[PDB]
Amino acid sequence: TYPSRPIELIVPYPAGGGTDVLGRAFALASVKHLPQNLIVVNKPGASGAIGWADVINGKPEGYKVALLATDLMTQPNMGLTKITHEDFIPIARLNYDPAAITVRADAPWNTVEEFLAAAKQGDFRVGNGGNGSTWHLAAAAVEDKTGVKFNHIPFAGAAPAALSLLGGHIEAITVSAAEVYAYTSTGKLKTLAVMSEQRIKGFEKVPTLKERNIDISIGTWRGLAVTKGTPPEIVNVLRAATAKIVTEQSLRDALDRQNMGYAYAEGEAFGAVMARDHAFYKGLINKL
């Protein structure tokens, strides 16, 4: 009966970081719900592709689980790997941290519509965490749907971009809502829209872009998958266990400590989101 020996959780991040913490918290929370241990392996490199290859090239027996992340959407579409979401069977999404449009609290704009009408008259500087990464692509996605043209300002990560905005050196940032909450909750920045499917915790008074008729959902995420070809009975054991594991308070606490949003999605739903996002990133990366 599956599982009959330990299961490796292949985490393509170094030990000690947020995703390692998430992976090990998931493993700890799995003790009541799987009769074999989940063992974390840290295999970073090539934006996840060394870890993906370990799972894909492994046997379809259920004893390797990939901790999938956003890079799976961008790397193949940048022509940097042949690996795609279709090499996997999804178990579940765990985490999603949507991008947001955030300005300084004293900005003249009080709605995303006012911000866009102003931006269309100029070359607003929009900070991100690096060229070609999620928050840059988030700003580019806004350009694509609204016709505005920004001056993209990459920094060495999201935190320096937020500090720049706080100092009045740029007009907006499109980094994660999670990264600006410390400032929006304390009146230093204000968020005009979240690029999510639904309103999120801590930002319940802020509209999504989608509800304002701007069709964009983008952000970083973490989920679980096994290699294509894994028997359905095995996939179902993992999906059923994961549905239990995500209700564990210890796992939710770990996500909170790492400032990572909880966003459980069932396997098939996670698969559908990845297919949609793959096509979205393909189109946007090609345009850029």
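Sequential numbering from 1, following the sequence displayed.
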Test of understanding: from the entry's C-alpha B-factors, which stretch has the higher mean, 54-62 or 238-246?
54-62
Taking the recorded C-alpha temperature factors, which stretch has the higher mean, 78-86 or 109-117?
78-86
Highest Cα temperature factor in the entry, among the options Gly167, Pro98, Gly127, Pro207: which one is it?
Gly167
Where does the C-alpha B-factor of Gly223 rank in its chain, lowest, middle or highest third?
lowest
Compare the C-alpha B factor of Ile91 with those of the other modelled residues in its chain, then answer lowest, middle or highest third.
lowest
Position of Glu171 among the chain's modelled residues by C-alpha B-factor, lowest, middle or highest third:
lowest
Within this chain, which third does the Cα B-factor at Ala46 fall in: lowest, middle or highest?
highest
Ranked by Cα temperature factor within the chain, is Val273 in the lowest third, the middle third or the highest third?
highest
